[PDB]
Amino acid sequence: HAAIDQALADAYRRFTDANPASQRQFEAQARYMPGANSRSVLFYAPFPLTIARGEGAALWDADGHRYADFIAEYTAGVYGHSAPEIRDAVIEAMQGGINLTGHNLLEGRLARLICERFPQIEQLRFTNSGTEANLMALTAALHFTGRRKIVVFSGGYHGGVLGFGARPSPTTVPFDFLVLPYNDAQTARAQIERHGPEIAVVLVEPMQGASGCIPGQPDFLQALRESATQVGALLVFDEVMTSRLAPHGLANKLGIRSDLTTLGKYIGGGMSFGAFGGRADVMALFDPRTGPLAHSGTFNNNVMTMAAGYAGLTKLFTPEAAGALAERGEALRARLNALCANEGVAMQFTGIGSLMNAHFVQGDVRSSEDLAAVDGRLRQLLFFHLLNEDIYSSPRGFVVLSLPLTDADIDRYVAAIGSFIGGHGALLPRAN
């Protein structure tokens, strides 16, 4: 314990001494934004690195350190940092004029493409973020059903004002939430049945992202579909992260159909983006000719997003590319798990396809409860260790593949995990 404290203090010091420009920048920025910060996930102690430049799957900090990027804008940056297909589409759109203040020539074609790639989406609308998409989805479900109660799950993350521990987070909007255990099929069935008439919607990630890439089990997710249908509630799949996991998203891979689906991240080509869609009869609430619900938002249909999204999905992150990237991720996750098992350490990587997360526990991880006892200092040691090995990762150990990452890049990550185990044998919890 005292040895871990000491290794961490050493990590902080080396990180500090090697990054004076990032420190200077942090001090200066702290005057105008709380903790110099506009986005909580980007902050880490002692201070976060300022990123100066990006190209392909490479990033450079303010002090000129070059890293292989293994976080890729928290799944939004699947195209890498400098894709010409994206840039040229944005440029052409700007030359056509921006802020066009009307229905445009670009939105319809992106909407079509999305509905075709995700056939469970009969109609959709665009929002400016995943947080907005989920808000609008929940708003629609409450009005469509005439009910107020929303079922969500422990560890669930659905945006800036829609996060949950065992209870709603301090920033979570005061909808009537019923928070149930993730991957507990029996409790879900019972609680949904018991409160049937009150439940407007069951909102769930098919794999939880923020909580640590925790796959939703077949039985649990089928139970949610059956229970919701039973009591007359809408099932909403949050596929903001999860849609990239297979050629047509994770829900379709699993064979489960939700009433509504929310999207975000990469679908806007790396531009600000969200969307909510599903059954045409639910979406009809927003049909301005006949529906009772209004949904405005200044930048909903902006030409930059509309252009960059269509370019990205058609030229780069195609359904086939999504399958192929998922294959690489599975291969990677298997190598990492075999390594951890072989070295006898209480360490694993959980996830699906091109998304995984480091965890310092032995055994099956089925919910965030299984990670409650974990020593958070261990994640930090790994993060700083990866920086030393020219790898830019997430503080939470969230590993995210992007298209430009080479097989050699992947090898470097595996080697870095290996050197981490071998350097910290005295410090890491044992498997048994």
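Numbering starts at 1 and runs along the sequence shown.
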message = Quick check: 20 to 28 versus 419 to 427, which has the larger average CA B-factor in the record?
response = 419 to 427
task = Compare the mean C-alpha B-factor of 311 to 319 with that of 336 to 344 as given in the PDB entry, and name the stretch with the higher value.
result = 336 to 344
message = Looking at the C-alpha B-factor values in the deposited entry, which of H158, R289, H81, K265 comes out highest?
response = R289
remark   = Among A331, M306, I121, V236, the highest C-alpha B-factor in the PDB entry belongs to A331
key: Third of the chain's Cα B-factor distribution that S258 belongs to, per the entry   = lowest
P247 - Cα temperature factor, lowest/middle/highest third of chain = middle
inquiry  = How does the C-alpha B factor of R194 compare with the rest of the chain: lowest, middle or highest third?
reply    = highest
message = Sorting by Cα B-factor within the chain, modelled residues only, which third would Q217 end up in: lowest, middle or highest?
response = highest
ask   = Against its chain's modelled residues, does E107's Cα B factor rank lowest, middle or highest third?
value = middle
